[PDB]
Each structure stands twice: as structure tokens, then as C-alpha cells.
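Undergrad: First piece of the complex, coordinates kept as in the full assembly:
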Amino acid sequence: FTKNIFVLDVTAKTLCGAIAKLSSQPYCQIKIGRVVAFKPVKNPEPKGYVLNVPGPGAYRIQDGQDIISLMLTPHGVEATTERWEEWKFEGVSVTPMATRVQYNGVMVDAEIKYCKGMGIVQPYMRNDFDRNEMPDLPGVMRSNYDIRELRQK
């Protein structure tokens, strides 16, 4: 099924925000599903996610089993509704809101999912530990094998 993410990036540091600013619109719609879309728009839609961000970042909207993972850079947007384990993401807050929203030329009562990103995870950060950044944990010894090489049969 289709997910609509309305990126609010007021500072315009992401491609999304620059798309939107240059079209004099507050949001950049990212539509993921059978039909894909990137479009600056004036308001979110019913059931839309508003992803308020301060700039570039890896952001994961975790809405139960609805997981949307997004890379927002100054130069591009990449997104998926499917698992994306290779990368780290900031897990953002999802808070439902009762709103009134303009939908197909008419004011309608609608739920919106408010998602506030803090920008604490840089885009395209690999989701494992290099030999240096490996956390020291009591009763946890070193392994010879990499994570990949350990998953076997």
C-alpha cells in the first residue's frame, strides 16, 4: 500500500526543502508505492506523515509495522517501505494528530502523523561496528568472525 510523507524542511538544507522553497511551497511530498511521486505541496493529505526535519539525515518513521526509511541529503532523496538494514537511521517519534486539511479542493477532518526528526544520524552511515568503535561490554568477548561471516547454517 501507498505511503505519503510530507517533508517539512524550513531551512531548505535537504533536496526536499530546496524543491519546496523554489516552488514557494512548505512541503515536499514523497509518495512511495505503486505510484511514486516527488512534489512540493501546500499541505499534507489525510493519513499523511509530516516529517519535520532540521536538515540532512537518515530518518526512520516507525509506525508499528509500517516502517519508512529515508535518506535526505542536500543532493537527493532515497526512500523505502521495506527493510534497509545496511544503514543506521534516527528512529523518529510518530504522534497522531486530529487536523483539518484541504483535500481535493475541500476542507476535511483528517488524521496526520507528526514525525519530528532531530537529525542525529548522518545519511549513509553503515549499521555495524568498525574494529575501533566496538563498545566494551562486561562479559562480552571479541569474535574472530564478522557479523556477515557469523550468520551461517
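TA: On my side now, so go ahead. Numbering: from 1, shown residues only, chains lettered A, B, ... in the order given.

Undergrad: Buried residues, stretch A:84-102. List them.
TA: Neighbour counts over stretch A:84-102 (16 or more other Cβ atoms under 10 Å) mark A:84, A:87, A:88, A:89, A:90, A:91, A:92, A:94, A:99, A:101 as buried. Placement of C-beta: from N, CA and C, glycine included.

Undergrad: Could you work out the most separated pair of the residues you listed?
TA: Based on Cβ to Cβ, the longest span within those runs between A:88 and A:101 and measures 32.7 Å.

Undergrad: coming back round to it: just send the buried residues of stretch A:84-102 back as a markdown table, with distance to residue A:65 too.
TA: As requested, those are exported to a markdown table (distance: Cβ to Cβ, whole Å):
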| residue | distance to residue A:65 |
| --- | --- |
| A:84 | 15 |
| A:87 | 19 |
| A:88 | 20 |
| A:89 | 16 |
| A:90 | 19 |
| A:91 | 14 |
| A:92 | 16 |
| A:94 | 12 |
| A:99 | 24 |
| A:101 | 25 |
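
Undergrad: Tell me the one of those residues nearest residue A:60?
TA: Distances from residue A:60 to the buried residues of stretch A:84-102, taken by Cβ to Cβ, are shortest for residue A:89, at 3.6 Å.

Undergrad: Drop chain B onto that structure:
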Amino acid sequence: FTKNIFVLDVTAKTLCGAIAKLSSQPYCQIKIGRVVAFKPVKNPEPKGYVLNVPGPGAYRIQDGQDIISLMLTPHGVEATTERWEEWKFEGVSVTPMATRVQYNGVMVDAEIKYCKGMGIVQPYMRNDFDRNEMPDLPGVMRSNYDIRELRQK
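TA: Below, chain B sits with the chains from the block before:
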């Protein structure tokens, strides 16, 4: 299926940390499933989660489809593998680790899931906004209805 959460709470401001400290153990094991358990232990078990926290808070471990929601207070622990949507949580990410650990008193190569929480969401905070807390969002007007009241068939 069963989940094993090993809380590492070194400052011992959570019940978990206090108890681990009192019993001279680094972790507090929380086992969710058919069999439940609360127990101070020396080390995490294979396929286990290390939840490193700095103090009390709402923590949600996000491991794809597996989501573990935990309230760690100074006076209690509460946890679940199912949706817990009345409350806010800090979305905590999983970074898998290739390790060696004691399992049944024996040293084995094992995957552990490392999870670091920052302690920025307090336990038992409603996942909704009072009207004074709502974000000012362009093209987003206020509703007369509640979130709960807007859901209505």
C-alpha cells in the same frame, strides 16, 4: 517468540540498574515470552539485546518487525513485544555485534544486538498533544475533535 533484554544501567537510576548493582552484576535480564524473568546477570545471551541506558525512560527497541517497548523507572520495569501506542518512546536502534559469550556456562560465538538509548523520553508520557504543545504546521488547521474522537468508523 521469546525476547531477552539485558539492561546495562551503570548509574543505577532505574530499578534494573539498582538491582544489578545491589547484586553485584553488570546487567539486569528482562525475559519476555512464554516464560518471563527478571534477573541480574553477568552477561548477555546469544540473540539477546543489550539495552545500554543512562537512566529512567521509555525505550522502544526497533529490530525490523520485532519491536520491544520498555518502561524503565526508578521503581519499576514494564515491557512488551506488542503495540503500546498510548505512550511515547525513544526509538532505539539495533546494531548487531559479532561476539563471544557464556551460554549455559560455556563460551560460544554469538550475535548480540547492541542498543543505546539516550533517555530523552520519560516513562508514561501520552503519545498525543495538548493544544498548547501542538506544532504550528503550514496548511494544517486545528480540529474540534480529539484523535480518539476523530476515529469513528
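
Undergrad: Chain B added, so what about the buried residues of stretch A:84-102 now?
TA: A:84, A:87-102 (16 or more other Cβ atoms under 10 Å in any protein chain shown).

Undergrad: Next, see if it gets close to chain B.
TA: Yes: Stretch A:84-102 reaches chain B (Cβ under 8 Å from any Cβ of the partner chain) through A:85, A:88-102.

Undergrad: Tell me which entries of these lie within helices.
TA: Assigned to helices by DSSP state H, none of these qualify.

Undergrad: when you check the residues you listed against the strands, which ones overlap?
TA: Per DSSP state E, strands hold the following members of the residues of stretch A:84-102 next to chain B: A:90, A:91, A:92, A:95, A:96, A:97, A:98, A:99, A:100, A:101, A:102.

Undergrad: Return the member of those nearest to chain B.
TA: residue A:91 (2.5 Å; Cβ to the nearest Cβ).

Undergrad: And the contacts of the longest strand along chain A?
TA: Ranked by number of residues, the top strand in chain A under DSSP E is strand A:106-116. Here strand A:106-116 makes contact (Cβ atoms under 8 Å, 6 or more residues apart in numbering or on different chains) with A:44-52, A:59, A:61, A:63, A:92-103, B:129, B:135, B:137, B:140-141, B:143, B:145, B:147, B:150-151.
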